[PDB]
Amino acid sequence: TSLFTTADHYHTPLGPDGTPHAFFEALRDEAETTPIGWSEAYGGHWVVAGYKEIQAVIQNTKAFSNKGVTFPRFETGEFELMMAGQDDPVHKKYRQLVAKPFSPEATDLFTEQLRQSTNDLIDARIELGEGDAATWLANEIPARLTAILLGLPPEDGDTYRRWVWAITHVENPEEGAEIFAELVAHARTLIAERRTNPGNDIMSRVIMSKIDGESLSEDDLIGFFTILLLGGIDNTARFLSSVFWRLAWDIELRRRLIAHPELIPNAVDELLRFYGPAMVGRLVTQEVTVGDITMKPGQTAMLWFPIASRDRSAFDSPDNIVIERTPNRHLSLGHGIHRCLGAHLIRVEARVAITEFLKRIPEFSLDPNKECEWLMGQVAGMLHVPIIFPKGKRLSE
């Protein structure tokens, strides 16, 4: 028997702690013998679990295409995820258009805005002594930042979350497609507005950009809008939710971050290794052998980053959160030409969120009378994290 045979990133067995990590540890153990295995899920596909094997696949862009970046494919109608859904030479030209606004200097500009937002959000429930850290904080900090990056109203987060849920999880395909079509209608209106009144934001930037002398198509612009929306509302929210959950019960980790705030950035990196929400797919375009396995054109390989990030041949003591770990070359943000555009931004966001939360609410715990819930999928992490804490004071009003 093999754990690969029924591996399915949308249906990972959960342990008594509520996470898939016992299952990830068991699959990591099996991957020491068999680092790539066949899953019968989704009609049959390859599951790549060893660290060196994921590296080999993800570097081999001639055989492994980002046309398969989401598997099963995210619901984005006839549109594609810009950059993430493309291969070179096209990929490189599009990524060049937005490299500057995601540079460390450009994203550092938002540090105090995130700090103020985190505190304003905390203000909303600190007097109540209870709240869902996911829906109250982890969802809202990136949703508001992302609305700002895209030049959208920050108070409409539930609308944006409804779109992202349709893209990633709504099971009825007619419903899903129709809600994504609502995103498209809103993006069209935004694009038209920015054409006449261009702002400082990233949409305005790509709308005014040119490639090889020509302006981008509306379809390309909607692809930019969609992937940047997903990065915040999905990936970042699920990561931060998992982090808040971990800090709620792991009183040892928590006291060390409070005693040593200078270790928070390295701790964020180690939490990214351990709770990194993402996996990605690759479409096989040429016959290719990786280790013992020969893959054929039209097959898909799923890169199970959480398993590789636990590989004993790549990390010492991989099942422990070692906040001083370095160089920590985990695969949670990918590797090679598609490595996460938002890497610096999410590091700033996580550092500020953790720093301010632990400053305001150093004492808290999981609510014994409400359930936590892990969301499974290509982007996986806590969805509900009910916590309790002593009632406190607002900084404002």
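A residue's number is simply how far along the shown sequence it sits, counting from 1.
In this entry, 254 to 262 has the higher mean Cα B-factor, the comparison being between 274 to 282 and 254 to 262. Comparing 24 to 32 with 359 to 367, the stretch with the higher mean C-alpha B-factor in the PDB entry is 359 to 367.
When the C-alpha B-factors of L247, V268, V184, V90 are read from the PDB record, the largest value belongs to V90. Between the residues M203, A177, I321, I227, it is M203 that shows the highest Cα B-factor in the PDB record. Among the modelled residues of its chain, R161 has a C-alpha B-factor that falls in the middle third, as given in the PDB entry.
Ranked by C-alpha B-factor against the other modelled residues of its chain, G18 falls in the middle third. In the PDB entry, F305 places in the lowest third of its chain by CA B-factor.
Sort the chain's modelled residues by C-alpha temperature factor and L81 lands in the middle third, per the entry. Among the modelled residues of its chain, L375 has a C-alpha B-factor that falls in the middle third according to the deposited record.
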